[PDB]
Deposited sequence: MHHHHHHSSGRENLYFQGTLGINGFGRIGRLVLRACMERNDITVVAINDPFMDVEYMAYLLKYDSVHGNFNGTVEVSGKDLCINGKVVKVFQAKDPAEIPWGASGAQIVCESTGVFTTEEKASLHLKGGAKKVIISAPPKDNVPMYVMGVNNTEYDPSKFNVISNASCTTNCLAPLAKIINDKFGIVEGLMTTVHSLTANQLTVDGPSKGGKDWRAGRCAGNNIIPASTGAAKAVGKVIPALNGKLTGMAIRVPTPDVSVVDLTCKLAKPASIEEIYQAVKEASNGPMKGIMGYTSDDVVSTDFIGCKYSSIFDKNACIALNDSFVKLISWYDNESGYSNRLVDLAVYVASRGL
C-alpha cells in the first residue's frame, strides 16, 4: 500500500507524519509546485503546532525520510505527475483546488489507481467517514472519493450515535474553528468570503460550512434534518462542534454519554472518543480521534432539546482518518 501526496500543506504534511507512524502504508511521492525539495524538507522538519518531525529528513535528488527515498515533483497540473512511475497507488489530493471528479481524476493519467479528495467535493464524488459509512465504498464503482471535512468527521460519528439510539428530529450546528491557511494575518482581499480576509488574530469571524448538511449524504436518514455554520477564532489548531438537536425519544446528558461510550469502546473504536474532564482545545493537539464528546460542556434544556459539544483536532485527527481511509481503500482491491 503506497501513497502519493498532492499538496504538501497542513493536511498533506500531517498525512505524511501519520504514515511514518504507520506500518501498513508508505508515502512514495510528493507534489507541490510552491515549494522546492529544500523548502519541503524544512516544512516537514518543523511544525509550529505539532513539533519537530520524529525521525530524519534530508535532501537527496528528492527527500530521504527515515532513510527512504520520497520522490518530489513541482507540477501545476495533476495530469503531469508521474504517480505510476513513482509507484504511488493512492493519491491524497490536498491542494484544496481539485475537488471535483473532473479535476481529481487527472491524477489517474499519471498512473495512480485511486484518489482521495481531502475535502468535501464541489460535485457528487462520494464522501466517506471512517466508522460511519466507509464500508459502502465499492472499488468497482469509484476511483475518486472524498474524505469529507474535519468538521463532518467530528459530527457524523456523533450524529450516527445520537440518531441510532434516540433519533434526531432536527439539528443545528455551530463549529468554533481554529484558523486555517485561507485566512489572512491582516485585513486584505480574499480571492475574493469577505469575512475570512479580516485580520485572523484579533477577530471572531462567522463563516459558512457545508459540514452538517454533508452528514445528510453520509447518513441518508438525516437528509434535510441538519444544517450549520462556523465561527473562525484566532487559535492555531483544534476545533469544536456545538450541536443543538431535538430528539425523538427522551435522553438525559447521562444517557447520551453512555451511548457515546458504548460506540467509542465498540464499533467506533479509535474514531469516537469521550471525556468527563475539564478539557480545553490545546488538550486535543495531536489527538487521533475524529470526535471527542465533552460530557461536562454539554447542557440540556429538557429531556428532548440538547446542546452537545465534541472536540476535534482538525489537522491531525482528519489526517489520520485520511490515512485510515487509504489503508481501507487498498484492502478492498486496487
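Residue ranges with no C-alpha coordinates, please: along the deposited sequence, counted from 1, in order.
Sequence ranges with no C-alpha atoms are 1-17, 79, 211-212.
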